[PDB]
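# Architecture at a glance
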Amino acid sequence: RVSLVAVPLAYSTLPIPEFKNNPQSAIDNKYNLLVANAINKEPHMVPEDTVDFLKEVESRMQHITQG
Amino acid sequence: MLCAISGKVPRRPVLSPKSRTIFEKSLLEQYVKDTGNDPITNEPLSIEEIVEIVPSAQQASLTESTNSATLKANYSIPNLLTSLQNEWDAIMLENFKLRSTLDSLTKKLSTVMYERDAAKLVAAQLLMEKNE
Amino acid sequence: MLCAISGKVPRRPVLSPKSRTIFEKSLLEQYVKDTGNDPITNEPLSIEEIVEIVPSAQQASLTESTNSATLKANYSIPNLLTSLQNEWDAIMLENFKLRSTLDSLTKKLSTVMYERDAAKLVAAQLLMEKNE
């Protein structure tokens with residue numbers, strides 16, 4: 001059993017953006033999936049492990065943006 | 001000196017002691033009564049803390065005589081009403097421009113925020129798939 | 001104008017000089033005859049001091065020659081002007097808040113764009129390390 005957790009999109013106060021018509025990358029597919037979930041009001045479910053990998057990715061991004 | 005809210009020359013100038021800034025009395029009193037804060041510093045401000053600036057007699061005579069001398073050429077009620085309408089239109093154009101820009105920027109921001117979260121998710125998933 | 005005791009339009013209006021307030025003559029006179037005090041300030045008041053207001057016969061004759069159109073017109077130029085001023089004040093406050101918001105939103109958008117690009121860089125790096 002992989003427990004799924006809902007990632008809270010912080011953008012509840014912002015208008016849902018349009019779909020990308022040409023999703024050339026995994027990121028763009030993920031973006032379209034988030035947009036579809038927001039349109040449907042469905043939460044974006046991820047494995048519980050992914051939340052910890054998200055925290056590590058955020059730590060790497062911080063080091064990048066400090067330049 | 002201009003009111004920090006209206007950008008016009010005030011008729012009853014007041015100073016906020018927090019921001020040390022000049023405002024029109026009515027505007028500042030309304031903003032404080034709504035928010036309880038100074039509109040610039042956002043520090044808490046009361047209506048009693050507002051300092052009403054006393055105009056010197058030369059300032060009173062200048063405000064009356066600038067109004068008088070320049071309205072004198074178009075002082076007829078019909079010209080006054082026409083000027084009022086044109087000024088309202090100018091204000092409404094500015095408000096519309098502001099609102100339109102805010103809406104466009106909000107849509108763009110929403111897009112970019114979705115892109116950022118999508119990228120964070122894809123990064124975390126690649127990190128998982130690499131650590132398996 | 002309303003009587004401060006009854007909250008109704010008085011049939012014989014009087015002014016108390018102490019409270020500077022309108023009352024019904026009978027109510028005020030009786031109150032004084034019983035208590036010797038003004039009903040709002042509780043200051044001593046005498047019946048001789050009460051200034052009875054005369055409803056001017058001119059008032060009636062002036063409401064005659066005010067056209068029925070102008071009495072049916074549920075507008076007064078003072079009230080229209082004050083409504084326009086309250087609108088102007090509100091729109092000035094709105095435009096101020098719009099500008100402040102738009103600035104904050106621009107700064108936020110720039111920040112989010114930097115975060116997006118940092119996420120994309122981390123993702124691309126993990127992908128490259130996964131393919132090698």
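## Focus: the overall build of chain A
Each helix and strand counted, chain A has two helices and two strands in total. In chain A, the succession of helices and strands from N to C terminus is β-α-β-α. For chain A, whose C-alpha radius of gyration is 14 Å, the value lies well above the compact-globule estimate of 11 Å for 67 residues. Its C-alpha atoms give chain A principal-axis dimensions of about 35 × 30 × 25 Å.

## Considering the overall build of chain B
Helices and strands together make up the secondary structure of chain B, namely three helices and three strands. In chain B, the succession of α and β elements from N to C terminus is β-β-α-β-α-α. Computed over C-alpha atoms, the radius of gyration of chain B comes to 24 Å, more than 25% over the 14 Å expected from 2.2 N^0.38 for 132 residues, which places it beyond the range of a compact globule. For the C-alpha atoms alone, the extent of chain B along its principal axes is close to 85 × 40 × 20 Å. Partitioning the intrachain contacts of chain B with sequence separation of at least 6 by distance along the chain shows that 22% fall at a separation of at least 24.

## A closer look at the environment of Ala123 of chain B
Within the secondary structure, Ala123 of chain B is located in helix α3 (residues 77-131). Each C-alpha atom, one on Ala123 of chain B and one on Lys97 of chain B, is 39 Å from the other, the two residues being 26 residues apart in sequence. When near neighbours in sequence (up to four residues on either side) are disregarded, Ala123 of chain B contacts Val57 of chain A together with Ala119 and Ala123 of chain C.

## Digging into unusual backbone geometry
The phi dihedral of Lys41 of chain A is positive, around 60°, even though this residue is not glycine. Position of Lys41 of chain A relative to the elements: it lies in the loop between α1 (26-40) and β2 (44-47). With a phi close to 45°, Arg20 of chain C is a non-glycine residue in the positive phi region. Along the chain, the position of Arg20 of chain C falls in the loop between β1 (13-16) and β2 (21-24).

## Some words on the sheet that holds β1 of chain C
All names here are of chain C. Within the open sheet, the three strands sit side by side as β2-β1-β3. Their pairing is antiparallel. Both edges of this open sheet fall to β2 and β3 (51-52), since each of them pairs with a single strand only. For β1 and β2, the ladder comprises four bridges, and the chain directions are antiparallel. Looking at the pairing, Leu15 lines up with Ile22 of β2. Contacts from helix α1 (residues 25-35) reach β1 and β2, with the element oriented near 95° to β2.

## Things to note about the UniProt feature "domain: U-box" in chain B
Listed under "domain: U-box" in the UniProt record, and renumbered for this structure, are residues 1-71 of chain B. Counted over residues 1-71 of chain B, helix gives 37% and strand 11%. Its end C-alpha atoms are 21 Å apart.

## Considerations on the packing of α3 of chain B against helix α4 (residues 77-131) of chain C
Put simply, α3 of chain B and α4 of chain C touch, their axes get as near as 8 Å, and they point 20° apart. Classified by the angle their axes make, α3 of chain B and α4 of chain C are roughly parallel. In this structure, the crossing between α3 of chain B and α4 of chain C has a hand that is left-handed. Of α4 of chain C, the residues touching α3 of chain B (which contributes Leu98, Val112, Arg116, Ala119, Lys120, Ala123 and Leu126 of chain B) are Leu98, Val112, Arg116, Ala119, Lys120, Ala123 and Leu126 of chain C. The residue inventory of the contact of α3 of chain B with α4 of chain C, partitioned by class, reads 10 nonpolar, no polar and four charged.

## Quick notes on the interface of chain B and chain C
The interface is formed by eight residues belonging to chain B together with nine residues belonging to chain C. When the residues that make up the side of chain B that touches chain C are grouped by side-chain class, the tally is six nonpolar, no polar and two charged.

Rules of the game
Residues numbered from 1 in each chain as written, not as in the entry; some residues may be left out. Chains lettered and ligands numbered in written order. Part of a larger assembly, values for the part shown. Heavy atoms only, no water. Residues with missing side-chain atoms left out of burial classes, pairs and counts. Helix = DSSP H or I, 4+ residues; strand = E, 2+ residues; numbered from the N terminus. Rg over C-alpha atoms; globule rule 2.2 N^0.38 Å. Contact = heavy atoms within 4.5 Å. Pairing = 2+ DSSP bridges. Axes fitted to C-alpha atoms, helices over the stretch in contact; angles between N-to-C directions. UniProt positions renumbered as here; feature names shortened; annotations may be inferred. Parallel < 35°, antiparallel > 145°, perpendicular 65-115°, else oblique. Left-handed = near helix turned anticlockwise from the far one by under 90°. Nonpolar A, V, L, I, M, F, W, Y, C, P; charged D, E, K, R; others polar.

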